[PDB]
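A single chain comes next, written as structure tokens; it is the form deposited in one PDB entry.
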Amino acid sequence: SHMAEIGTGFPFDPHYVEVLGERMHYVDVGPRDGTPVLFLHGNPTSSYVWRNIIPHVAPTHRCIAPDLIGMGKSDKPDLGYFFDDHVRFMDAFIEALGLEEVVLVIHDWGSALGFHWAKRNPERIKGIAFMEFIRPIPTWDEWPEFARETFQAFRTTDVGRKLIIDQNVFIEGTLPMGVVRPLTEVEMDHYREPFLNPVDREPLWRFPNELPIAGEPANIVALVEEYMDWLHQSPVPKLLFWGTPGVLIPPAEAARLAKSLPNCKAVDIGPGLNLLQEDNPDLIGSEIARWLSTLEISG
């Protein structure tokens, strides 16, 4: 059988909340008397990446999907856009909406935010669904060969900024490199929208420079090790989506994690790179919905 056509629209009412003096944009749909499901995107995406996942979940659960500070339709203060900046703003976003307990659905740098938050707020986490997530990559050989020269250049002084900031390579090159199917022009224009001006591309370059690869930056490596240790020892319900060949999470790693993470169901989406949501949204959405029905939530 064949997949349904993948929607290009973003049929959600926009919201903004003031966070530390800046406005962050977010989606907020579904019923509000239960446990919210908080969807966190990564680099170089926005809440747009969840547009075809949310409709599977919204009939039964609240869906909140923010745009990270400096990204999407959120404000763009003059920050370095280190992980520290994202942590601060995301923590404050969650408090600004008065969220208590949540289910997380997280991806890429959004997964570092989600796992780091959950480790610090273990009483408030009712489940985590995750995919293509940030983990330590101890050698460049564990980074995919098709992306090695590129990410090394991204992290090389002067060259990386020329590619990402001046030439917009993370949007024009790396984003398509992360989707097995071809993105349409309408989809590309949605992803391009926040970054038309090169000055606004700082987060796109800082993010690959924060990835924990070959021990650097050491502070990120430590933080990520800490939340991975937490995840390995946590009874929290877990749902892991993976694809072939993946980028951050190759199939062999997914298979290891299906055993070494407690209470974890792993689901193969088929072909996939980084943005698994773009390659099989209906499997990811339908499986999240089924998994939510099994959790200690509905209030």
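The first residue of the sequence shown is number 1, and the count goes up from there.
Note that the form deposited with a small molecule bound isn't included here; everything after this is about it.
Site annotation in the bound PDB entry: the residue of 89, 151, 117, 195 reaching within 4.5 Å of the small molecule with a heavy atom is 151. Screening 247, 64, 269, 53 for any heavy atom within 4.5 Å of the small molecule in the bound PDB entry leaves a single hit, 247. Within 4.5 Å of the small molecule in the bound PDB entry, a heavy atom is found for none of 102, 127 and 291. Residues placing heavy atoms within 4.5 Å of the small molecule in the bound PDB entry fall in a single listed stretch, namely 170 to 178, out of 72 to 80, 94 to 102, 215 to 223, 170 to 178.
When the small molecule is considered in the bound PDB entry, residue 144 lines it closely, a heavy atom lying within 4.5 Å. At the 4.5 Å threshold, heavy atoms of residue 106 stay clear of the small molecule in the bound PDB entry, well away from it.
In the bound PDB entry, the small molecule lies within 4.5 Å of some heavy atom of residue 274. By the criterion of a heavy atom within 4.5 Å, residue 43 is counted among the residues contacting the small molecule in the bound PDB entry.
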